[PDB]
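# Structural overview
So the chains spell out like this:
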Protein chains: 2
Amino acid sequence: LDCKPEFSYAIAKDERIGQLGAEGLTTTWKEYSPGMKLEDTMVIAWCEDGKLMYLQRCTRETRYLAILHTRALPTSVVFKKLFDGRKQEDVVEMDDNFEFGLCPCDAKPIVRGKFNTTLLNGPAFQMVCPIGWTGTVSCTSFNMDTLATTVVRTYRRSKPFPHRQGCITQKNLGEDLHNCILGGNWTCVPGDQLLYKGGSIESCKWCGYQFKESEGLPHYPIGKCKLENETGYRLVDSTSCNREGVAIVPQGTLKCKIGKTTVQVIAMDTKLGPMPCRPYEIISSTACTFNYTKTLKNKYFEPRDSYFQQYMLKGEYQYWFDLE
Amino acid sequence: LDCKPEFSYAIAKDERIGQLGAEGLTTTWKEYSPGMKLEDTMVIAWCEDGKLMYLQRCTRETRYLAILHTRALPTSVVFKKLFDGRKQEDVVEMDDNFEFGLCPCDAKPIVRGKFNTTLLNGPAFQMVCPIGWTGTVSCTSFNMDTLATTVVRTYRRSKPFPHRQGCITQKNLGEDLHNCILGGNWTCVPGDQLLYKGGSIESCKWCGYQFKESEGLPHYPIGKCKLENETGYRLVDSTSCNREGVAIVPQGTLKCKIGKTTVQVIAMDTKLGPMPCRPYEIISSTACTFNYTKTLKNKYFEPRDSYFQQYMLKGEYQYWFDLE
Ligand SMILES: *[C@@H]1O[C@H](CO)[C@@H](O[C@@H]2O[C@H](CO)[C@@H](O)[C@H](O)[C@H]2NC(C)=O)[C@H](O)[C@H]1NC(C)=O
Ligand SMILES: *[C@@H]1O[C@H](CO)[C@@H](O[C@@H]2O[C@H](CO)[C@@H](O)[C@H](O)[C@H]2NC(C)=O)[C@H](O)[C@H]1NC(C)=O
Ligand SMILES: *[C@@H]1O[C@H](CO)[C@@H](O[C@@H]2O[C@H](CO)[C@@H](O)[C@H](O)[C@H]2NC(C)=O)[C@H](O)[C@H]1NC(C)=O
Ligand SMILES: *[C@@H]1O[C@H](CO)[C@@H](O[C@@H]2O[C@H](CO)[C@@H](O)[C@H](O)[C@H]2NC(C)=O)[C@H](O)[C@H]1NC(C)=O
Ligand SMILES: *[C@@H]1O[C@H](CO)[C@@H](O[C@@H]2O[C@H](CO)[C@@H](O)[C@H](O)[C@H]2NC(C)=O)[C@H](O)[C@H]1NC(C)=O
Ligand SMILES: *[C@@H]1O[C@H](CO)[C@@H](O[C@@H]2O[C@H](CO)[C@@H](O)[C@H](O)[C@H]2NC(C)=O)[C@H](O)[C@H]1NC(C)=O
Ligand SMILES: *[C@@H]1O[C@H](CO)[C@@H](O[C@@H]2O[C@H](CO)[C@@H](O)[C@H](O)[C@H]2NC(C)=O)[C@H](O)[C@H]1NC(C)=O
Ligand SMILES: *[C@@H]1O[C@H](CO)[C@@H](O[C@@H]2O[C@H](CO)[C@@H](O)[C@H](O)[C@H]2NC(C)=O)[C@H](O)[C@H]1NC(C)=O
């Protein structure tokens, strides 16, 4: 129903009309206002403009609204029931996208469940992205004198939630993007690393050396490589950090160049082998004239010398020759 | 009977006195000399005391002495029979030293034997180095009236002549020494070249090029090689004058060396190989400097470039490199 300009209103717990008037009032009478509001310990209620509304502020006892025309007789009071009255204890199965929770009887939540995924604002409470959640939250309360304590209402989740609104489901552990197995924003219980489905890429990391462009590598992209918009690295390819006896590493022993990047490399074997990377510092010194560079045991950089149609190789250095 | 002063004497074959003299006369009449001698092709006589004595120089024709008294009629001569005219024949086996032949009755020899080995000086003849000859010369004689013809004596050699101290048994052709199967000085009917059983060589000939010294060959000596007492070459070996895909000839196409000697040489193939023979002229041309020479497509002379531990080959030239 609604409220009307010329009536008195009050609330009541039972309709019992005693001799003198309404017997079971909880409140004092109240004459109309466009936005009048009425108040007790089991309910609040309100009129807009133009309409009767309420918000049960606990639910153990049953409450009816009393109404009595301002002039009319006390024993003439009329009751429409606003919420039913029952006790004790509950369960509320929380729907797949249940988010904002709200306990009743100024009662503090107790959280049993799989993981942490909660925001407690007093007896209010909230599931922040509990994707993959199970547990049961019981709004209990404790008596200080007697150390007994008891619950009003349980909210059950036997089946795990699925995904939802703005629930970020990918975290950085160090520099690597990692999945979120369960939960979303900050309840991320992280998983396996993210694999590269595709995308316009900015940067590749391999063997502990970070590259921009296709140039020099067995293929591009390779190693692990991160997107422009994003923060961390997605897996791609675990190509081994060795290129036929010559392995590329942090530490030593001579420096060549891939694409634009510096690189250190050490040789594992001493047989004839191709250096993977283009070389660093090419030093010259026509009669016969010759450029050369430093190398490893038996390892040849391209290009071959045209003149001797071959890679030309003392033992430490690889040479190139022009004869006039 | 006897020769007296008041007579003339001559000799006759037939006892015939025809009209105007004797007919059978093989002389001109000889006036008495104390020591007159009469001579013809059958017999020769002499008067020593006035008594007569003669020595037949052949048997076949029967002869007389003619005697005409220096006054007398020609038609009155007389004759004494000096000796009879038996026509018999003999046969003669020549000593192993047999050397010089002699037919009798002014009789042409005609010769049957193995080869050419005779000098013919009318009715006498000569065997020049008849080494290993066999045959029969026979001193035949014609008659133009009767067209029969006959021999007086056959000289036989059934068994072949051995060699005989004074006969040269090896002929020189080109610069090659050659045996005489049959003959000696200029009757040499030559044979195979001489095999070199041993002795000091002055010069070897291999592949059309003359070597003095053991240096730079499979061994020494080799090919064909001529001794210090001699004039031409005895065969020793015939090592193939093509060497590991590269062959050595008169004309073309570049000149390497062995011992002190020049050698022309052509390529048998292209697939890599070893020469063998040092090279002609090494042309030089400080930082790096480089000596080199010309060569054969993929063929290398010794020694390698030490500095690269390998053979050093652009395509027509072999190089050696100095970084000091
Ligand atoms: C469960 O999740 C939240 C994550 O945000 C944690 O909230 C913090 O709780 C600590 C209590 O130890 C408080 O001091 C902070 O006020 C909260 N911080 C933030 C950023 O929210 C909560 O503690 C987690 N539960 C744990 C770690 O047991
Ligand atoms: C998880 O985080 C994201 C990003 O911070 C949240 O999405 C933004 O939330 C703000 C509110 O502050 C709104 O303006 C938009 O909905 C988002 N921002 C923009 C620019 O679009 C998301 O709501 C978070 N989820 C939680 C906390 O559960
Ligand atoms: C950065 O960019 C990639 C590639 O565009 C983003 O991937 C998008 O996100 C959705 C799912 O969240 C994918 O299905 C689509 O492929 C992408 N959408 C569009 C419109 O391109 C990725 O999420 C971004 N990473 C961030 C913001 O960290
Ligand atoms: C050795 O280094 C020199 C530089 O001093 C190279 O010189 C190049 O040679 C060409 C002609 O052959 C010149 O026209 C260019 O100006 C030079 N190019 C560059 C990129 O500098 C020489 O070719 C080098 N030899 C090698 C790499 O074997
Ligand atoms: C023995 O004597 C004569 C004269 O020397 C040889 O006659 C030769 O025979 C050839 C036939 O091949 C004729 O053409 C010539 O009349 C002769 N030629 C030469 C080169 O002598 C006879 O053959 C001699 N016996 C030989 C050479 O073995
Ligand atoms: C071949 O010719 C030579 C000389 O022109 C002859 O020489 C004689 O023979 C011996 C060899 O036994 C040589 O030592 C001497 O030159 C000569 N010796 C004497 C003792 O005079 C050789 O006999 C000739 N043979 C012929 C033509 O048949
Ligand atoms: C040059 O010397 C050789 C080797 O010595 C001579 O061969 C000799 O001759 C006889 C046969 O005539 C061989 O059986 C012997 O081997 C050699 N005899 C001696 C004593 O060494 C060859 O005849 C000579 N060549 C000439 C003179 O032209
Ligand atoms: C290139 O030719 C010259 C000859 O002019 C060689 O130089 C000689 O070799 C030694 C040591 O190698 C040098 O010390 C001398 O100056 C030269 N000696 C004589 C006697 O000339 C050079 O070694 C040759 N390089 C080659 C063949 O690779």
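Residues numbered from 1 in each chain as written, not as in the entry; some residues may be left out. Chains lettered and ligands numbered in written order. Heavy atoms only, no water.

As recorded in the PDB header, X-ray crystallography is the method behind this entry, and the stated resolution is 4.09 Å.

### Things to note about the pattern of salt bridges
All names here are of chain B. Selection criterion: Salt-bridge detection follows one rule: a side-chain nitrogen of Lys or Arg within 4 Å of a carboxyl oxygen of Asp or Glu. Here a strand is any run of E in DSSP of at least two residues, a helix any run of H or I of at least four, and the numbering for each starts at the N terminus. Burial classes: relative accessible area under 20% of the type maximum marks a residue as buried, over 50% as exposed, and values in between as partly exposed (1.4 Å probe, protein chains only).
Tallying each qualifying case throughout the model produces 33 salt bridges over all chains. A salt bridge links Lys-205 to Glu-175, with the nearest nitrogen and oxygen atoms 3.8 Å apart. In this pair, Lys-205 is assigned in strand β20 (residues 201–206) and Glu-175 in the loop between β17 (170–173) and β18 (176–182), connecting sequence segments 30 residues apart. Owing to a relative accessible area of 29%, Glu-175 belongs among the partly exposed residues under this scheme. Salt-bridge contacts for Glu-230 lead to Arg-234; the nearest nitrogen and oxygen are separated by 3.0 Å.

### Section: the interface of chain A and chain B
How we decide: Contacts were defined at the residue level, with two residues in contact if any of their heavy atoms lie within 4.5 Å. Defined in terms of a 1.4 Å probe, buried area is the accessible area two parts forfeit on being brought together, summed over both. Contacts described as polar in this section are N or O atom pairs within 3.5 Å, which, within protein, must combine one atom able to donate a hydrogen with one able to accept it, while residues neighboring in sequence count only if both atoms come from side chains. For this scheme, ten residues count as nonpolar: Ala, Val, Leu, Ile, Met, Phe, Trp, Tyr, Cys and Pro. Four count as charged, namely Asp, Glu, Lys and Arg, and the remainder, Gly too, count as polar.
Each partner contributes residues to the interface: chain A has nine residues there, and chain B has eleven residues. Here chain A packs against chain B, burying approximately 980 Å² in sum over the two surfaces, 83% of which is carbon and sulfur. Our count for the contact surface shared by chain A and chain B stands at zero salt bridges. Inspection of the chain A/chain B interface yields zero residue pairs in polar contact. Only β29 (288–294) and β32 (317–323) of chain A provide two or more residues apiece to the side of chain A that touches chain B. For the side of chain A that touches chain B, the leading source of residues is β32(A), giving three residues. Of the residues assigned to the side of chain A that touches chain B, the class counts are six nonpolar, two polar and one charged.

### Remarks on the nonpolar core
Condition: The nonpolar core is taken to be a set of buried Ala, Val, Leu, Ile, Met, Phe, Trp, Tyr and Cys residues, with the residues joined through side-chain atoms within 4.5 Å.
Among the nonpolar cores identified, the biggest contains 18 residues, and B:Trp206, B:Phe211, B:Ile248, B:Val265 and B:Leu296 are the most heavily contacted of them. Only β21 (209–211), β25 (246–248), β26 (254–258) and β27 (261–267) of chain B provide two or more residues apiece to this core. When residues in this core are grouped by element, the largest group, three residues, is from β26(B). Once you skip the residues sitting within four places of it in the chain, B:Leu296 turns out to touch B:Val246, B:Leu254, B:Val265, B:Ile266, B:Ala267 and B:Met275. Within the second largest apolar cluster, 17 residues are counted, among which are A:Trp206, A:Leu217, A:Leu254 and A:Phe301.

### A closer look at the environment of B:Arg57
Residues and elements named next belong to chain B. Tracing the sequence through the fold places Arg-57 in the loop between β7 (52–56) and β8 (63–69). Note on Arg-57: relative accessible area 41%, which makes it partly exposed. In this structure, the C-alpha to C-alpha distance between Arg-57 and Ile-44, residues 13 residues apart in sequence, is 7.1 Å. For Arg-57, the contacting residues outside a window of four places in its chain are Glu-39, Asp-40, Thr-41, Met-42, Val-43 and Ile-44.

### Regarding unusual backbone geometry
A cis amide bond, omega 0°, links A:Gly252 with the succeeding residue A:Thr253. With respect to the helices and strands, the residue A:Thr253 is situated in the loop between β23 (246–249) and β24 (254–258). With an omega dihedral of -10°, the bond running from B:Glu302 to B:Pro303 counts as a cis peptide bond. For B:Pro303, the location among the structural elements is in the loop between β30 (288–294) and β31 (317–323). Of note in this structure, A:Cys58 is not a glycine but carries a positive phi near 135°. Within the secondary structure, A:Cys58 sits in the loop between β6 (52–54) and β7 (63–69). Judged by relative accessible area, A:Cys58 falls into the buried class, the value being 9%. Look at B:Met275: it is not a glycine, yet its phi comes out positive at around 105°. If you trace the backbone, B:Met275 turns up in the loop between β27 and β28 (278–279).

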